[PDB]
>>> print(open('entry.pdb').read())   # PDB, C-alpha atoms
ATOM      1  CA  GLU A   1      -2.200  -1.603  -3.484  1.00  0.00           C
ATOM      2  CA  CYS A   2       0.794  -3.361  -5.097  1.00  0.00           C
ATOM      3  CA  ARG A   3       4.585  -2.875  -5.051  1.00  0.00           C
ATOM      4  CA  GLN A   4       6.519  -1.242  -7.902  1.00  0.00           C
ATOM      5  CA  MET A   5       9.910  -2.086  -9.408  1.00  0.00           C
ATOM      6  CA  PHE A   6      12.748  -2.080  -6.858  1.00  0.00           C
ATOM      7  CA  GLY A   7      10.337  -2.287  -3.880  1.00  0.00           C
ATOM      8  CA  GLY A   8      11.257  -4.822  -1.150  1.00  0.00           C
ATOM      9  CA  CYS A   9       8.966  -7.897  -1.481  1.00  0.00           C
ATOM     10  CA  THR A  10       8.603 -11.197   0.259  1.00  0.00           C
ATOM     11  CA  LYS A  11       7.254 -12.914  -2.931  1.00  0.00           C
ATOM     12  CA  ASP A  12       6.087 -12.219  -6.505  1.00  0.00           C
ATOM     13  CA  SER A  13       2.571 -12.222  -5.057  1.00  0.00           C
ATOM     14  CA  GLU A  14       3.591  -8.957  -3.288  1.00  0.00           C
ATOM     15  CA  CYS A  15       4.484  -7.195  -6.582  1.00  0.00           C
ATOM     16  CA  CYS A  16       2.645  -5.257  -9.305  1.00  0.00           C
ATOM     17  CA  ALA A  17       2.125  -6.838 -12.738  1.00  0.00           C
ATOM     18  CA  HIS A  18       5.097  -7.100 -15.133  1.00  0.00           C
ATOM     19  CA  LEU A  19       7.450  -7.807 -12.173  1.00  0.00           C
ATOM     20  CA  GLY A  20       8.763 -11.051 -10.638  1.00  0.00           C
ATOM     21  CA  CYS A  21      10.407 -10.799  -7.219  1.00  0.00           C
ATOM     22  CA  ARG A  22      14.054 -11.855  -6.969  1.00  0.00           C
ATOM     23  CA  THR A  23      14.017 -15.193  -5.062  1.00  0.00           C
ATOM     24  CA  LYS A  24      17.387 -14.297  -3.545  1.00  0.00           C
ATOM     25  CA  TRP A  25      18.852 -11.433  -1.479  1.00  0.00           C
ATOM     26  CA  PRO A  26      18.040  -8.601  -1.966  1.00  0.00           C
ATOM     27  CA  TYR A  27      14.370  -9.582  -2.511  1.00  0.00           C
ATOM     28  CA  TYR A  28      12.787  -6.756  -4.587  1.00  0.00           C
ATOM     29  CA  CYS A  29       9.937  -6.651  -7.128  1.00  0.00           C
ATOM     30  CA  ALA A  30      12.219  -6.996 -10.156  1.00  0.00           C
ATOM     31  CA  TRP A  31      12.099  -6.617 -13.934  1.00  0.00           C
ATOM     32  CA  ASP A  32      10.571  -9.903 -15.195  1.00  0.00           C
ATOM     33  CA  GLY A  33      10.682  -8.852 -18.860  1.00  0.00           C
ATOM     34  CA  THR A  34       8.382  -5.885 -19.570  1.00  0.00           C
ATOM     35  CA  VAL A  35       7.808  -3.022 -17.091  1.00  0.00           C
TER      36      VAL A  35
END
>>> encode(input="entry.pdb", output="structure tokens")
Amino acid sequence: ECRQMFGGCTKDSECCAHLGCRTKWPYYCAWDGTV
């Protein structure tokens, strides 16, 4: 139960591994470095 790349988050904590949520609009689980 985690959120994949390009899924709308509220925070990194609501993303799958290898992703860091944008802390700006739009807020999606985004490519941190690997994916």
>>> resolve_selection(input="entry.pdb", expression="the PyMOL selection byres ((chain A and resi 4) around 7)", output="list in words")
residues 2, 3, 5, 6, 7, 15, 16 and 29 of chain A
>>> atom_distance(input="entry.pdb", atom1="atom CA of residue A:26", atom2="atom CA of residue A:1")
21.5 Å
>>> residues_near_point(input="entry.pdb", point="(13.3, -10.3, -15.0)", cutoff="12 Å", atoms="all atoms listed in the file", output="PyMOL selection string")
chain A and resi 5-6+12+17-23+28-35
>>> resolve_selection(input="entry.pdb", expression="the PyMOL selection byres ((chain A and resi 9) around 6)", output="ChimeraX atom specification")
/A:8,10-11,14,27-29
>>> build_atoms(input="entry.pdb", residues="stretch 1-33 of chain A", atoms="N, CA and C atoms", output="PDB file, in the frame of the given file")
ATOM      1  N   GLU A   1      -3.098  -1.240  -4.606  1.00  0.00           N
ATOM      2  CA  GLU A   1      -2.200  -1.603  -3.484  1.00  0.00           C
ATOM      3  C   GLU A   1      -1.264  -2.710  -3.930  1.00  0.00           C
ATOM      4  N   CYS A   2      -0.222  -2.375  -4.726  1.00  0.00           N
ATOM      5  CA  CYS A   2       0.794  -3.361  -5.097  1.00  0.00           C
ATOM      6  C   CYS A   2       2.145  -2.689  -5.057  1.00  0.00           C
ATOM      7  N   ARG A   3       3.252  -3.442  -5.248  1.00  0.00           N
ATOM      8  CA  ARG A   3       4.585  -2.875  -5.051  1.00  0.00           C
ATOM      9  C   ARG A   3       5.309  -2.740  -6.369  1.00  0.00           C
ATOM     10  N   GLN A   4       5.985  -1.587  -6.587  1.00  0.00           N
ATOM     11  CA  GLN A   4       6.519  -1.242  -7.902  1.00  0.00           C
ATOM     12  C   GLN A   4       7.949  -1.696  -8.022  1.00  0.00           C
ATOM     13  N   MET A   5       8.580  -1.523  -9.208  1.00  0.00           N
ATOM     14  CA  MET A   5       9.910  -2.086  -9.408  1.00  0.00           C
ATOM     15  C   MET A   5      10.853  -1.598  -8.336  1.00  0.00           C
ATOM     16  N   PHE A   6      11.804  -2.456  -7.906  1.00  0.00           N
ATOM     17  CA  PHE A   6      12.748  -2.080  -6.858  1.00  0.00           C
ATOM     18  C   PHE A   6      12.105  -1.865  -5.507  1.00  0.00           C
ATOM     19  N   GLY A   7      10.889  -2.396  -5.229  1.00  0.00           N
ATOM     20  CA  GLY A   7      10.337  -2.287  -3.880  1.00  0.00           C
ATOM     21  C   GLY A   7      10.554  -3.596  -3.156  1.00  0.00           C
ATOM     22  N   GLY A   8      10.977  -3.579  -1.870  1.00  0.00           N
ATOM     23  CA  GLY A   8      11.257  -4.822  -1.150  1.00  0.00           C
ATOM     24  C   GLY A   8      10.050  -5.728  -1.032  1.00  0.00           C
ATOM     25  N   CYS A   9      10.106  -6.982  -1.544  1.00  0.00           N
ATOM     26  CA  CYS A   9       8.966  -7.897  -1.481  1.00  0.00           C
ATOM     27  C   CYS A   9       9.278  -8.969  -0.471  1.00  0.00           C
ATOM     28  N   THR A  10       8.289  -9.839  -0.182  1.00  0.00           N
ATOM     29  CA  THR A  10       8.603 -11.197   0.259  1.00  0.00           C
ATOM     30  C   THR A  10       8.417 -12.185  -0.882  1.00  0.00           C
ATOM     31  N   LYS A  11       7.499 -11.952  -1.858  1.00  0.00           N
ATOM     32  CA  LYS A  11       7.254 -12.914  -2.931  1.00  0.00           C
ATOM     33  C   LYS A  11       6.795 -12.182  -4.175  1.00  0.00           C
ATOM     34  N   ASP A  12       6.695 -12.862  -5.340  1.00  0.00           N
ATOM     35  CA  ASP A  12       6.087 -12.219  -6.505  1.00  0.00           C
ATOM     36  C   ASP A  12       4.685 -11.783  -6.168  1.00  0.00           C
ATOM     37  N   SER A  13       3.929 -12.608  -5.408  1.00  0.00           N
ATOM     38  CA  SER A  13       2.571 -12.222  -5.057  1.00  0.00           C
ATOM     39  C   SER A  13       2.513 -10.847  -4.426  1.00  0.00           C
ATOM     40  N   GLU A  14       3.611 -10.318  -3.823  1.00  0.00           N
ATOM     41  CA  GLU A  14       3.591  -8.957  -3.288  1.00  0.00           C
ATOM     42  C   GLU A  14       4.230  -7.991  -4.264  1.00  0.00           C
ATOM     43  N   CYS A  15       3.992  -8.148  -5.591  1.00  0.00           N
ATOM     44  CA  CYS A  15       4.484  -7.195  -6.582  1.00  0.00           C
ATOM     45  C   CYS A  15       3.392  -6.789  -7.543  1.00  0.00           C
ATOM     46  N   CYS A  16       3.600  -5.672  -8.280  1.00  0.00           N
ATOM     47  CA  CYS A  16       2.645  -5.257  -9.305  1.00  0.00           C
ATOM     48  C   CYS A  16       2.867  -6.108 -10.531  1.00  0.00           C
ATOM     49  N   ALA A  17       1.965  -6.019 -11.536  1.00  0.00           N
ATOM     50  CA  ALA A  17       2.125  -6.838 -12.738  1.00  0.00           C
ATOM     51  C   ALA A  17       3.410  -6.488 -13.447  1.00  0.00           C
ATOM     52  N   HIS A  18       3.868  -7.354 -14.381  1.00  0.00           N
ATOM     53  CA  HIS A  18       5.097  -7.100 -15.133  1.00  0.00           C
ATOM     54  C   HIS A  18       6.338  -7.209 -14.275  1.00  0.00           C
ATOM     55  N   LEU A  19       6.260  -7.678 -13.006  1.00  0.00           N
ATOM     56  CA  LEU A  19       7.450  -7.807 -12.173  1.00  0.00           C
ATOM     57  C   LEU A  19       7.470  -9.196 -11.578  1.00  0.00           C
ATOM     58  N   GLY A  20       8.670  -9.750 -11.295  1.00  0.00           N
ATOM     59  CA  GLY A  20       8.763 -11.051 -10.638  1.00  0.00           C
ATOM     60  C   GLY A  20       9.787 -10.870  -9.553  1.00  0.00           C
ATOM     61  N   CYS A  21       9.485 -11.187  -8.275  1.00  0.00           N
ATOM     62  CA  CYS A  21      10.407 -10.799  -7.219  1.00  0.00           C
ATOM     63  C   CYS A  21      11.655 -11.638  -7.287  1.00  0.00           C
ATOM     64  N   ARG A  22      12.844 -11.043  -7.035  1.00  0.00           N
ATOM     65  CA  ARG A  22      14.054 -11.855  -6.969  1.00  0.00           C
ATOM     66  C   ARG A  22      13.809 -12.895  -5.903  1.00  0.00           C
ATOM     67  N   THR A  23      14.136 -14.191  -6.125  1.00  0.00           N
ATOM     68  CA  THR A  23      14.017 -15.193  -5.062  1.00  0.00           C
ATOM     69  C   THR A  23      15.394 -15.391  -4.474  1.00  0.00           C
ATOM     70  N   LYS A  24      16.030 -14.266  -4.083  1.00  0.00           N
ATOM     71  CA  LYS A  24      17.387 -14.297  -3.545  1.00  0.00           C
ATOM     72  C   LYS A  24      17.660 -12.923  -2.977  1.00  0.00           C
ATOM     73  N   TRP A  25      18.653 -12.750  -2.080  1.00  0.00           N
ATOM     74  CA  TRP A  25      18.852 -11.433  -1.479  1.00  0.00           C
ATOM     75  C   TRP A  25      19.523 -10.518  -2.481  1.00  0.00           C
ATOM     76  N   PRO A  26      19.185  -9.208  -2.635  1.00  0.00           N
ATOM     77  CA  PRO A  26      18.040  -8.601  -1.966  1.00  0.00           C
ATOM     78  C   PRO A  26      16.766  -9.054  -2.644  1.00  0.00           C
ATOM     79  N   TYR A  27      15.612  -9.065  -1.934  1.00  0.00           N
ATOM     80  CA  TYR A  27      14.370  -9.582  -2.511  1.00  0.00           C
ATOM     81  C   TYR A  27      13.514  -8.408  -2.928  1.00  0.00           C
ATOM     82  N   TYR A  28      13.623  -7.891  -4.177  1.00  0.00           N
ATOM     83  CA  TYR A  28      12.787  -6.756  -4.587  1.00  0.00           C
ATOM     84  C   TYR A  28      11.943  -7.086  -5.794  1.00  0.00           C
ATOM     85  N   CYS A  29      10.802  -6.377  -5.985  1.00  0.00           N
ATOM     86  CA  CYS A  29       9.937  -6.651  -7.128  1.00  0.00           C
ATOM     87  C   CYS A  29      10.769  -6.284  -8.327  1.00  0.00           C
ATOM     88  N   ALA A  30      11.149  -7.245  -9.197  1.00  0.00           N
ATOM     89  CA  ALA A  30      12.219  -6.996 -10.156  1.00  0.00           C
ATOM     90  C   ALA A  30      11.724  -7.145 -11.570  1.00  0.00           C
ATOM     91  N   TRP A  31      12.525  -6.653 -12.538  1.00  0.00           N
ATOM     92  CA  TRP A  31      12.099  -6.617 -13.934  1.00  0.00           C
ATOM     93  C   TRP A  31      11.952  -8.035 -14.445  1.00  0.00           C
ATOM     94  N   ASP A  32      10.716  -8.545 -14.669  1.00  0.00           N
ATOM     95  CA  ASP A  32      10.571  -9.903 -15.195  1.00  0.00           C
ATOM     96  C   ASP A  32      10.980  -9.868 -16.648  1.00  0.00           C
ATOM     97  N   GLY A  33      10.356  -8.966 -17.439  1.00  0.00           N
ATOM     98  CA  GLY A  33      10.682  -8.852 -18.860  1.00  0.00           C
ATOM     99  C   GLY A  33      10.225  -7.506 -19.375  1.00  0.00           C
TER     100      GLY A  33
END
